[PDB]
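Presented below is the structure to which this report refers.
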Amino acid sequence: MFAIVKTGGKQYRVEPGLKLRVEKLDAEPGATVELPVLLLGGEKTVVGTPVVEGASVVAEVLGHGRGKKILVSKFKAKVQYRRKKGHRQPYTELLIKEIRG
Amino acid sequence: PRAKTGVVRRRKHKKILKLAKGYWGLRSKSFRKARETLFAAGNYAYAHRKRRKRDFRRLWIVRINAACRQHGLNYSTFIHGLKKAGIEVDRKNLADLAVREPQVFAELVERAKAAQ
Amino acid sequence: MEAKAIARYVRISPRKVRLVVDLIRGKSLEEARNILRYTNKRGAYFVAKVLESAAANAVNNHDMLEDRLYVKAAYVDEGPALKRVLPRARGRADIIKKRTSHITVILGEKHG
Amino acid sequence: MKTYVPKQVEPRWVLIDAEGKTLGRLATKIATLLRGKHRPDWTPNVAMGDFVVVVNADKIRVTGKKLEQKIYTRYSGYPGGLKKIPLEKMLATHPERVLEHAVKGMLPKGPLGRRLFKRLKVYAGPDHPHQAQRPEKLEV
Amino acid sequence: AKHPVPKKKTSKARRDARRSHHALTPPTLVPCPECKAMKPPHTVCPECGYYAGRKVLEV
Amino acid sequence: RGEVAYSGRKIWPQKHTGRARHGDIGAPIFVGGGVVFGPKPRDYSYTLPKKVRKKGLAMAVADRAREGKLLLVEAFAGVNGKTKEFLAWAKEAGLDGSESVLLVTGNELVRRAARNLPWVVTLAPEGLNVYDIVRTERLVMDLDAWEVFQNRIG
RNA sequence: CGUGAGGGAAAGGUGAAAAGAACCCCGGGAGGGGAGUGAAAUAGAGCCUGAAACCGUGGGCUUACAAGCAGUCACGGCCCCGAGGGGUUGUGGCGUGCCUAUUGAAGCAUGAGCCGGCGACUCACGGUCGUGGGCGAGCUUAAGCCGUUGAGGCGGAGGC
RNA sequence: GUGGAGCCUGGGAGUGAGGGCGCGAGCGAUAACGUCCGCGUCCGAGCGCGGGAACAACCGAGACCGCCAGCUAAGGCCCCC
RNA sequence: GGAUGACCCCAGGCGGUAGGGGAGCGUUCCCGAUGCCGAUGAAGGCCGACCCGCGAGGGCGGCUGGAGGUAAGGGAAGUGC
Ligand SMILES: [Mg+2]
Ligand SMILES: [Mg+2]
Ligand SMILES: [Mg+2]
Ligand SMILES: [Mg+2]
Ligand SMILES: [Mg+2]
Ligand SMILES: [Mg+2]
Ligand SMILES: [Mg+2]
Ligand SMILES: [Mg+2]
Ligand SMILES: [Mg+2]
Ligand SMILES: [Mg+2]
Ligand SMILES: [Mg+2]
Ligand SMILES: [Mg+2]
Ligand SMILES: [Mg+2]
Ligand SMILES: [Mg+2]
Ligand SMILES: [Mg+2]
Ligand SMILES: [Mg+2]
Ligand SMILES: [Mg+2]
Ligand SMILES: [Mg+2]
Ligand SMILES: [Mg+2]
Ligand SMILES: [Mg+2]
Ligand SMILES: [Mg+2]
Ligand SMILES: [Mg+2]
Ligand SMILES: [Mg+2]
Ligand SMILES: [Mg+2]
Ligand SMILES: [Mg+2]
Ligand SMILES: [Mg+2]
Ligand SMILES: [Mg+2]
Ligand SMILES: [Mg+2]
Ligand SMILES: [Mg+2]
Ligand SMILES: [Mg+2]
Ligand SMILES: [Mg+2]
Ligand SMILES: [Mg+2]
Ligand SMILES: [Mg+2]
Ligand SMILES: [Mg+2]
Ligand SMILES: [Mg+2]
Ligand SMILES: [Mg+2]
Ligand SMILES: [Mg+2]
Ligand SMILES: [Mg+2]
Ligand SMILES: [Mg+2]
Ligand SMILES: [Mg+2]
Ligand SMILES: [Mg+2]
Ligand SMILES: [Mg+2]
Ligand SMILES: [Mg+2]
Ligand SMILES: [Mg+2]
Ligand SMILES: [Mg+2]
Ligand SMILES: [Mg+2]
Ligand SMILES: [Mg+2]
Ligand SMILES: [Mg+2]
Ligand SMILES: [Mg+2]
Ligand SMILES: [Mg+2]
Ligand SMILES: [Mg+2]
Ligand SMILES: [Mg+2]
Ligand SMILES: [Mg+2]
Ligand SMILES: [Mg+2]
Ligand SMILES: [Mg+2]
Ligand SMILES: [Mg+2]
Ligand SMILES: [Mg+2]
Ligand SMILES: [Mg+2]
Ligand SMILES: [Mg+2]
Ligand SMILES: [Mg+2]
Ligand SMILES: [Mg+2]
Ligand SMILES: [Mg+2]
Ligand SMILES: [Mg+2]
Ligand SMILES: [Mg+2]
Ligand SMILES: [Mg+2]
Ligand SMILES: [Mg+2]
Ligand SMILES: [Mg+2]
Ligand SMILES: [Mg+2]
Ligand SMILES: [Mg+2]
Ligand SMILES: [Mg+2]
Ligand SMILES: [Mg+2]
Ligand SMILES: [Mg+2]
Ligand SMILES: [Mg+2]
Ligand SMILES: [Mg+2]
Ligand SMILES: [Mg+2]
Ligand SMILES: [Mg+2]
Ligand SMILES: [Mg+2]
Ligand SMILES: [Mg+2]
Ligand SMILES: [Mg+2]
Ligand SMILES: [Mg+2]
Ligand SMILES: [Mg+2]
Ligand SMILES: [Mg+2]
Ligand SMILES: [Mg+2]
Ligand SMILES: [Mg+2]
Ligand SMILES: [Mg+2]
Ligand SMILES: [Mg+2]
Ligand SMILES: [Zn+2]
Numbered sequence: 001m002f003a004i005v006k007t008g009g010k011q012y013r014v015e016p017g018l019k020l021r022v023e024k025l026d027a028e029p030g031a032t033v034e035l036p037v038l039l040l041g042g043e044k045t046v047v048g049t050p051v052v053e054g055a056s057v058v059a060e061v062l063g064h065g066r067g068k069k070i071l072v073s074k075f076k077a078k079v080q081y082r083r084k085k086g087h088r089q090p091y092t093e094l095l096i097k098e099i100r101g
Numbered sequence: 002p003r004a005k006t007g008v009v010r011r012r013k014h015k016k017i018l019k020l021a022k023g024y025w026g027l028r029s030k031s032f033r034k035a036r037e038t039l040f041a042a043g044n045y046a047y048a049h050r051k052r053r054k055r056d057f058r059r060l061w062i063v064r065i066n067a068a069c070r071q072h073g074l075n076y077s078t079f080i081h082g083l084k085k086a087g088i089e090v091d092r093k094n095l096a097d098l099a100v101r102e103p104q105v106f107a108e109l110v111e112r113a114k115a116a117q
Numbered sequence: 001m002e003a004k005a006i007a008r009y010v011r012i013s014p015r016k017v018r019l020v021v022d023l024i025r026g027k028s029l030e031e032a033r034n035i036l037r038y039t040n041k042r043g044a045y046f047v048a049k050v051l052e053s054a055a056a057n058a059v060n061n062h063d064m065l066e067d068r069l070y071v072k073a074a075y076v077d078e079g080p081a082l083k084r085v086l087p088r089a090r091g092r093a094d095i096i097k098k099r100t101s102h103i104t105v106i107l108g109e110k111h112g
Numbered sequence: 001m002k003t004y005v006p007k008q009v010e011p012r013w014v015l016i017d018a019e020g021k022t023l024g025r026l027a028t029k030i031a032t033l034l035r036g037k038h039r040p041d042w043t044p045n046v047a048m049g050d051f052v053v054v055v056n057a058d059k060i061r062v063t064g065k066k067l068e069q070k071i072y073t074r075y076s077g078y079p080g081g082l083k084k085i086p087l088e089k090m091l092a093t094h095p096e097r098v099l100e101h102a103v104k105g106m107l108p109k110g111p112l113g114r115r116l117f118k119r120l121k122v123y124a125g126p127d128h129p130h131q132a133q134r135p136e137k138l139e140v
Numbered sequence: 002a003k004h005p006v007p008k009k010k011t012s013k014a015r016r017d018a019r020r021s022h023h024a025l026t027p028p029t030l031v032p033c034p035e036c037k038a039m040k041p042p043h044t045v046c047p048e049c050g051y052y053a054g055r056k057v058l059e060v
Numbered sequence: 054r055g056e057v058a059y060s061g062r063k064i065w066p067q068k069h070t071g072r073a074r075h076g077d078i079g080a081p082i083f084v085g086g087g088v089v090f091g092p093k094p095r096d097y098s099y100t101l102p103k104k105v106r107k108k109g110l111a112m113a114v115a116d117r118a119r120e121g122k123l124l125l126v127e128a129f130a131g132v133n134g135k136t137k138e139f140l141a142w143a144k145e146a147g148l149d150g151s152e153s154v155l156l157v158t159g160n161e162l163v164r165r166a167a168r169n170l171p172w173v174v175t176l177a178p179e180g181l182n183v184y185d186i187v188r189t190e191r192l193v194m195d196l197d198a199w200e201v202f203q204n205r206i207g
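These protein sequences, in sequence, are chains 1V, 1U, 1W, 1N, 15 and 1F. Per the deposited numbering, the first sequence starts with residue 1, numbered consecutively. Per the deposited numbering, the second sequence starts with residue 2, numbered consecutively. Per the deposited numbering, the third sequence starts with residue 1, numbered consecutively. Per the deposited numbering, the fourth sequence starts with residue 1, numbered consecutively. Per the deposited numbering, the fifth sequence starts with residue 2, numbered consecutively. Per the deposited numbering, the sixth sequence starts with residue 54, numbered consecutively.
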C-alpha cells in the first residue's frame with residue numbers, strides 16, 4: 001500500500017515506515033495524527049473525489065524543526081537598495097505508521 | 002578618544018569573501034568583485050526560488066502529457082476530466098504515478114474520460 | 001627520509017629559475033646532475049648547487065644512500081625585490097625590480 | 001518526496017517512412033521523438049529520446065511553390081559569401097539535408113541540442129544500413 | 002603612431018595559458034663510449050676528451 | 054589642516070598632470086595631513102540646579118537609609134590616626150569589610166586611619182557627594198557630619 | 001629636491017636572559033643541513049604577532065564541438081566526512097557588472113589594476129522646536145571667593 | 001463613505017532638468033525619440049515579475065519570507081517552448 | 001483575551017529614489033573595577049558544514065598566538081569605506 005495525502009497545502013505520497021518533513025503541524029511531539037487521503041494504491045486502488053471516506057494515514061510526529069537557513073537578499077542597482085533577510089522555514093518530521101483506508 | 006578601523010573592516014571583508022568561495026578569478030579573492038558577484042547571486046537565488054516552482058510544474062506536465070497520449074488523450078483533455086471528475090491529485094504526484102504506478106494512472110485516465 | 005636544501009636571496013628572477021627547476025623535479029639525482037650540467041641557463045648553476053647541497057645533507061646528516069636519491073620536490077619562492085632606478089627619456093624615471101629567489105630542493109630515497 | 005529521475009535509459013530505435021509526408025509536419029514529430037517528450041520519464045537535461053532512422057527523405061513533399069521559392073542560405077564569412085540554394089536544387093544534390101535542416105532548427109540550441117541531432121540519421125532511398133539495431137517501424 | 006596600450010589586465014589564467022609553450026626541453030645527452038659519462042652527441046667529450054674513438058683535447 | 058606643520062604650496066598643477074588634483078599636503082585626505090573634526094580642548098562642566106544636587110544628596114542618603122545600611126556613630130573610640138585602630142573599631146561597629154563604606158567625619162585622625170583600606174572611601178562632610186554615596190554599599194557618618202548634612206539640604 | 005628663499009621624507013618591537021648558534025657537512029661566498037642553546041628557533045638577528053592582494057609546490061574534482069557580467073536553480077557523476085552533509089561541475093533552465101550622473105546606462109557616458117591601512121556632517125556660542133527631569137509666579141546664577149586634590153559649597157551682580 | 005481618509009498647530013525635509021503613452025489644442029510641414037500647454041496615465045522611484053523575439057514607460061499586474069501544492073491575467077497552445 | 005509588553009488569538013497592511021521617522025549591531029574610551037576572565041593561554045590571526053539573532057552581529061569548538069582582556073548596567077566620541 002501507498003497513499004497520496006495532503007497536508008501543509010501540498011500533496012505527498014506516503015508509506016508505512018517513511019519519514020518526511022511537512023509544514024509545521026500544530027501537534028505535540030510523540031502524538032499521532034490522521035492525514036486526509038486523496039488516493040490509495042498498491043494491492044487495492046481507490047480514487048479520492050477529492051478525498052476518500054474512511055481513509056486516513058496515521059503518522060506519529062517525531063518533532064518540529066527549523067530548516068537550514070536560506071539567505072534571501074534583494075539588490076537594486078544604481079539605487080542603493082540592499083536588503084539581507086535570513087529564513088528558517090519551520091517543519092514537522094513524521095513517521096507514517098499505518099494506512100487505514 | 003580615537004577609534005581607528007582596526008579589526009572591523011577586515012572581519013566584514015572576511016565575511017563576504019567566505020560567501021564567495023568557488024567564484025572565478027578575483028570574484029572569489031577580491032572583496033569588491035565578490036560583492037558585485039554576491040549581489041547578482043542574491044537576486045538570482047530569489048528569482049530562481051520563484052522560478053523553481055515554475056520549472057518542476059512544467060516538467061510534471063510534459064511527463065503527464067506523455068503518459069496520457071499512450072492512452073489516447075492529450076494533457077488538456079485529461080486535466081478537464083479530473084476537474085469534472087473532482088480529483089485534486091496534483092501534478093507532482095500525477096507525474097510520479099505516471100512512471101512508477103501506471104495502472105493507477107491508467108485508472109485515473111478512465112475517470113477522466115468517463116467524467117465527459 | 002627526506003633531505004632539504006634552500007638557497008635564500010639568490011639574486012635571480014624566480015620566473016627564470018623555475019624554468020630550470022621543472023627539468024629536475026621527480027628525476028633521479030644522477031639524471032638531474034646530468035640534466036643540470038648541459039642546460040644552457042644561468043639558473044642551472046644555482047639549481048645544481050642547492051641540489052648538491054641537499055644531496056650532501058642526505059648522505060652526511062640523514063643517513064640516506066647517494067645511489068638511492070631522487071628529487072622528491074623542488075620549488076622556487078620569490079624573495080624581496082631590489083628596486084633600482086632606470087632613467088627613461090623625457091625626464092621620467094622608472095623603477096626596475098631586480099628580483100631574488102629562494103630555491104628549495106627536497107630529496108628522498110627511491111628504493112629499487 | 002522528490003521527483004523521480006530515471007536511471008539511464010536504454011534508448012529505442014525508430015524507423016519512419018518519409019515518403020509523401022509533409023516536410024515540416026514530419027520534422028516537428030521527429031524532433032519530439034529525438035527530444036524524448038513521448039516518454040513518461042522525460043528529463044530535460046539528459047539525452048533520452050529515440051534514434052529516428054528516416055528513409056525516402058528524397059521523396060519528402062512540400063506544399064505551395066516552395067520548390068522554387070524556398071531558399072536555403074549559407075554564409076561563408078567572406079565578402080559576397082551569401083550563397084542561395086532553392087529547395088529544388090538541394091533535393092537534386094543533397095536531398096538528406098532538407099529534412100536535417102528542418103529537423104535541426106526545431107531542436108534546442110546548445111550541447112544537448114546538438115547531441116540529439118546526431119541521433120537523427122537521414123537517408124535517401126528506401127534502404128538504411130542500421131538493420132543491426134532493428135528499428136521499430138513507426139507510422140507517423 | 003598613437004601609443005597602443007593594453008585594454009584590460011590579462012588574467013592569471015590567460016598569461017599562464019600563454020606560457021603553456023614555455024617549458025624547457027631537457028638537454029639531449031648520450032653516453033660517451035670511452036668513459037660512459039653523459040655528453041651531448043656530436044661533441045668532443047668534456048670528461049675524458051675522446052671523440053670518434055681517439056684522444057682530441059686535454060681535459 | 055591649518056595647524057599642521059606642512060606648507061601651503063600646491064604640490065603639482067591643477068590640470069594636465071595626469072594625476073588627481075590636490076593643494077597642500079596638509080589636507081586631511083593625505084596621510085600625515087590634518088584631521089577634520091577631531092577633538093579640541095573642551096570644558097565639559099555645566100551648572101546643575103542646586104535644588105537637583107540638593108535633592109540628589111538627600112535622596113542618595115535616603116536609599117541607604119531605607120535598606121538599613123546607614124549608621125550614624127557617636128564617635129570613634131580607640132582610633133587615634135592609626136589604621137589597625139580603625140580596623141578593630143570597624144569590627145565592633147559591625148563593619149567586617151565585606152561592604153564598601155563611605156566614611157564621613159570631620160576628624161582627621163579617624164579619616165587618616167581608614168584612608169588606605171580598599172573597601173573604605175573617606176570624606177569630609179562638606180565633600181558629601183552622591184557618587185561616592187552610590188559607590189558605597191554602606192554609609193557611616195559622624196554626628197558632626199550628620200548635623201551639617203541637614204544644614205546643606207535646608 | 002631647489003641658484004636661493006624654501007620645501008621636506010622614510011625608518012620603532014629576537015628573548016626572561018645573547019644563552020646571538022663552538023664544531024661537523026655542501027658552497028667561492030650567500031645560503032642551507034646537522035650538532036647546540038631556549039618554555040618556544042615558521043623567536044635566528046631580512047628576528048613579537050604575521051592579515052590581504054601577490055607568487056609557488058602538492059593533492060581532490062574538472063576542462064580540447066565550445067558562445068560567457070561568469071552567477072544562480074535543478075539533476076547527475078566523482079572525491080571527502082559519516083535517508084545527512086561538504087568540495088567539484090557535465091547537462092538543462094534563467095540571467096544586461098558596481099558606483100556615479102541622468103528623462104532614461106550592460107551601456108560605446110563618469111570613476112575604479114588589485115589588496116591593506118588613512119579618508120568626509122563636528123565643536124563653540126547663540127537660536128528655535130521637541131523631549132527627560134528640578135522648581136513654579138517664580139526660575140536661575142556669572143565672574144569670582146572657599147574647600148577637595150577626580151568633594152563639593154558659596155556667590156543674586158545679572159538674566160528670563 | 002473609518003480611509004496610511006480629512007482637519008488644526010508645530011518640527012524635519014527633499015523637489016523646484018522630467019520622460020514616454022491616450023485624448024484635447026497651439027507652434028511645426030494634418031514632419032521629428034520635435035517643441036509648448038490642458039486632462040489622465042505609467043517610468044521616474046516598479047531597469048522586481050508575465051506578455052510583447054529581444055526593449056524605462058504598449059498589454060497583464062503593485063514582489064514581506066518559505067513550499068518539487070492549486071486557480072487565473074495579458075498572451076498563448078506544430079517544433080524551438 | 002491577561003490587564004498597562006507577560007504570552008495567546010483574530011483580521012488587515014508591509015515595491016519603493018530624493019527624503020522624514022523608529023528600533024538595533026559594532027568600534028575607541030570612562031564609570032562599574034583595590035572587582036572579574038587570564039600561562040589549565042589575553043587580545044589579535046586562521047578555520048568551521050556547529051548554536052543564537054530578520055539583519056548588522058554574537059557565540060561555541062579546533063589551530064595559531066604568547067599578556068593582556070573586561071561583564072549586567074550606564075556615560076562619551078577622532079565610530080563602521
Ligand atoms: Mg478521519
Ligand atoms: Mg542591472
Ligand atoms: Mg535610477
Ligand atoms: Mg546604488
Ligand atoms: Mg576609519
Ligand atoms: Mg586567498
Ligand atoms: Mg485540477
Ligand atoms: Mg611593474
Ligand atoms: Mg531557450
Ligand atoms: Mg613618427
Ligand atoms: Mg608606442
Ligand atoms: Mg596558476
Ligand atoms: Mg594569454
Ligand atoms: Mg598652510
Ligand atoms: Mg599661496
Ligand atoms: Mg585636468
Ligand atoms: Mg591615467
Ligand atoms: Mg590638498
Ligand atoms: Mg608627497
Ligand atoms: Mg600628522
Ligand atoms: Mg583612599
Ligand atoms: Mg570599590
Ligand atoms: Mg578624605
Ligand atoms: Mg642638488
Ligand atoms: Mg643644493
Ligand atoms: Mg625583548
Ligand atoms: Mg653558513
Ligand atoms: Mg632542548
Ligand atoms: Mg632551524
Ligand atoms: Mg614566536
Ligand atoms: Mg622578533
Ligand atoms: Mg612578548
Ligand atoms: Mg604567511
Ligand atoms: Mg600569507
Ligand atoms: Mg595545482
Ligand atoms: Mg558540429
Ligand atoms: Mg568532449
Ligand atoms: Mg564552454
Ligand atoms: Mg530539472
Ligand atoms: Mg554531493
Ligand atoms: Mg542561455
Ligand atoms: Mg555627468
Ligand atoms: Mg548627462
Ligand atoms: Mg542627456
Ligand atoms: Mg564596456
Ligand atoms: Mg566620454
Ligand atoms: Mg563604464
Ligand atoms: Mg560628465
Ligand atoms: Mg596606478
Ligand atoms: Mg581600501
Ligand atoms: Mg549636524
Ligand atoms: Mg537645541
Ligand atoms: Mg530644553
Ligand atoms: Mg520643567
Ligand atoms: Mg537659588
Ligand atoms: Mg587621593
Ligand atoms: Mg496621506
Ligand atoms: Mg500641516
Ligand atoms: Mg508640516
Ligand atoms: Mg528653477
Ligand atoms: Mg511638462
Ligand atoms: Mg506629466
Ligand atoms: Mg484611441
Ligand atoms: Mg519630447
Ligand atoms: Mg510627437
Ligand atoms: Mg530621477
Ligand atoms: Mg516595467
Ligand atoms: Mg535593460
Ligand atoms: Mg519580454
Ligand atoms: Mg504589496
Ligand atoms: Mg501581499
Ligand atoms: Mg489552469
Ligand atoms: Mg509543447
Ligand atoms: Mg499568528
Ligand atoms: Mg500578516
Ligand atoms: Mg519598501
Ligand atoms: Mg508605499
Ligand atoms: Mg584565574
Ligand atoms: Mg583593545
Ligand atoms: Mg561568527
Ligand atoms: Mg584566540
Ligand atoms: Mg605587564
Ligand atoms: Mg574585547
Ligand atoms: Mg567598559
Ligand atoms: Mg555595556
Ligand atoms: Mg572620520
Ligand atoms: Zn668520455
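Just so you know, even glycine gets a beta-carbon here, dropped at the ideal spot from N, CA and C.
Next on the checklist: Please report the straight-line C-alpha distance between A54 (chain 1W) and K110 (chain 1W), rounded to a whole angstrom.
Outcome noted: Position 54 of the third sequence, counting from 1, holds the residue named residue 54 (chain 1W). Position 110 of the third sequence, counting from 1, holds the residue named residue 110 (chain 1W). Cα to Cα, the separation comes out at about 15 Å.
Next on the checklist: So the candidates are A96 (chain 1U), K15 (chain 1U), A21 (chain 1U) and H81 (chain 1U); which of them puts its Cα closest to the Cα of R58 (chain 1U)?
Outcome noted: Here the question's residue 58 (chain 1U) lines up with position 57 in the second sequence. When each option's Cα is compared against that of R58 (chain 1U), the closest is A96 (chain 1U).
Item to check | Contact set for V53 (chain 1N): own chain, Cβ-Cβ below 6 Å, skip 5 residues either direction | outcome: Here residue 53 (chain 1N) corresponds to residue number 53 of the fourth sequence, with the count starting at 1. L15, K121, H128, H130 and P135.
Checklist entry - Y45 (chain 1U) versus chain 1V: which residues are under 7 Å apart at the beta carbon? => result Here the question's residue 45 (chain 1U) lines up with position 44 in the second sequence. Correct list: empty, because the minimum Cβ distance to chain 1V is about 10 Å.
Checklist entry - Closest to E127 (chain 1F) by CA distance: which of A166 (chain 1F), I206 (chain 1F) and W199 (chain 1F) is it? => result Counting from one through the sixth sequence, the residue named residue 127 (chain 1F) turns up at place 74. For the residues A166 (chain 1F), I206 (chain 1F) and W199 (chain 1F), the minimum Cα distance to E127 (chain 1F) belongs to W199 (chain 1F).
Item to check | chain 1U residues whose Cβ lies nearer than 7 Å to that of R13 (chain 1V) | outcome: Translated into the one-based positions of the first sequence, residue 13 (chain 1V) becomes position 13. Within 7 Å Cβ-Cβ: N94 and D97.
Next on the checklist: Does chain 1V have any CB closer than 7 Å to the CB of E37 (chain 1U)?
Outcome noted: Locating residue 37 (chain 1U) in the second sequence gives position 36, counting from the first residue. Chain 1V contact via Cβ: absent.
Item to check | CB contact flag (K40 (chain 15), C46 (chain 15), <7 Å) | outcome: Position 39 of the fifth sequence, counted from the first residue, corresponds to residue 40 (chain 15). Position 45 of the fifth sequence, counted from the first residue, corresponds to residue 46 (chain 15). Yes; because the gap between Cβ atoms is below 7 Å, this pair is in contact.
Checklist entry - So what does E96 (chain 1N) bridge to, in DSSP terms? => result Here residue 96 (chain 1N) corresponds to residue number 96 of the fourth sequence, with the count starting at 1. Its beta-bridge partners do not exist; DSSP assigns none.
Next on the checklist: How far does the alpha helix (DSSP H) with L19 (chain 1W) in it extend, from its first residue to its last?
Outcome noted: Taking the third sequence and counting its residues from 1, one reaches residue 19 (chain 1W) at position 19. Counting along the chain, the alpha helix (DSSP H) containing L19 (chain 1W) begins and ends at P14 to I24.
Checklist entry - Under a CB-based cut-off of 7 Å, is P40 (chain 1N) close to chain 1U? => result In the fourth sequence, the residue the question calls residue 40 (chain 1N) occupies position 40. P40 (chain 1N) counts as touching chain 1U.
Next on the checklist: Can you pull the chain 1U neighbours of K109 (chain 1N), defined as C-beta to C-beta under 9 Å?
Outcome noted: Walking along the fourth sequence from the start, residue 109 (chain 1N) turns up at place 109. Ordered by position in chain 1U, no residue passes the 9 Å Cβ test against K109 (chain 1N), which lies about 19 Å from the chain.
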